[PDB]
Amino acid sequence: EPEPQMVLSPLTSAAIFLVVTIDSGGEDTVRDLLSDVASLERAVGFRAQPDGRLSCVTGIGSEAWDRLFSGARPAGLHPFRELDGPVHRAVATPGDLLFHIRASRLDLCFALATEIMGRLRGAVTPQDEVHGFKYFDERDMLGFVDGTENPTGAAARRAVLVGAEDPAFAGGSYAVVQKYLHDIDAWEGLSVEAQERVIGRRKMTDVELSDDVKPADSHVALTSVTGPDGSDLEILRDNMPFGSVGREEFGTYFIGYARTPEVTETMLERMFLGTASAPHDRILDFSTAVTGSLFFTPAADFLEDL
């Protein structure tokens, strides 16, 4: 049984997202860190167990994988596909490595980030750094409960982890990241009932709208994908609010894990390109993607044996 990384972690209150590119000649330094990352996570985390719940998930990009490793590639590993929709665009931005650091405390995240980046000084260039925070009762920046319909247990494992379809990379996963900025002024201009029609759920109670009320262009409608056998195709999401009040930045940092990127990409396509029934996802009228990257997060045992 291959040990996965802490993809299927419990709910945490704080996150740091770290996206870097690998400078030329930096390959060796990166490789050294990769084999040490698990022990660094344990070194920082153990001090404050068991309420710390510190984890780090390391992701490697498509272009970077070719620079770092020879031999087999994960079947689904490719650069993020840019989506030029009629109205909305899903941009692809550079990213070689992803560090998805989560804890119940921000300091634990920052300490681990410090350690990781300290080792990576002069080998990487930082592309993006986001410090996320749980907002109230699991609500996002739009004021809706965010995470409700995430799969749990065996359903989560089946949706997230690579299996026998790519046996060399079993216990791995695929992560899609996008940084979204919200137009809060426009959003708070809508009535609650109008916002509900945008999301597809009720605001306070988080009850899903009935199928006869739920618009075809609501976020919930478009991100609902049925598979070839009638089964729901699921992803695991850990959206984190971030922001700066002075610069008027109110954002959602989207991260979605799946066993194949094709599930996540189908959702993206429906959202940005639209379908026959829906011009595009209404949430995009209040949200702008400013980054977009795809990573493969290998099994933990892959990282150690380098």
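For clarity, a rigid core is taken as the largest C-alpha set superposing within 1.5 Å between two forms. Numbers for residues come from their place in the sequence shown, where the first is 1.
Novice: Superpose on the core, then say which of 6 to 14 and 280 to 288 ends up with the larger RMS Cα offset from this form in 4 other deposited structures of this protein.
Specialist: Between the two stretches, 6 to 14 moves farther in 4 other deposited structures of this protein.
Novice: With reference to the PDB entry, specify whether the mean Cα temperature factor is higher for 76 to 84 or for 228 to 236.
Specialist: Averaging CA B-factors over each stretch, the winner is 228 to 236.
Novice: Identify the stretch, either 95 to 103 or 130 to 138, whose C-alpha atoms have the larger mean B-factor according to the entry.
Specialist: Of 130 to 138 and 95 to 103, the stretch with the higher C-alpha B-factor average is 130 to 138.
Novice: Could you tell me which one of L284, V19, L294, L11 shows the highest CA temperature factor in the PDB record?
Specialist: It is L11.
Novice: From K179, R202, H219, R121, which pick has the Cα B-factor that tops the rest in the entry?
Specialist: Each of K179, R202, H219, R121 was compared by C-alpha B-factor; the highest is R121.
Novice: Divide the modelled residues of the chain into thirds by Cα B-factor and specify which third, lowest, middle or highest, holds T275.
Specialist: Within its chain, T275 is a lowest-third residue by C-alpha B-factor, going by the deposited values.
Novice: So where's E149 on the chain's Cα temperature factor ranking, which third?
Specialist: Answer is middle: the recorded C-alpha B-factor places it there.
Novice: Going by the recorded CA B-factors, say which third of the chain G52 sits in, lowest, middle or highest.
Specialist: Within its chain, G52 is a highest-third residue by C-alpha B-factor, going by the deposited values.
Novice: Within this chain's modelled residues, let me know which third the CA B factor of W65 belongs to: lowest, middle or highest.
Specialist: Middle third by C-alpha B-factor.
Novice: Could you place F169 in the lowest, middle or highest third of its chain by Cα temperature factor, using the values in the record?
Specialist: For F169, the deposited C-alpha B-factor lands in the highest third.
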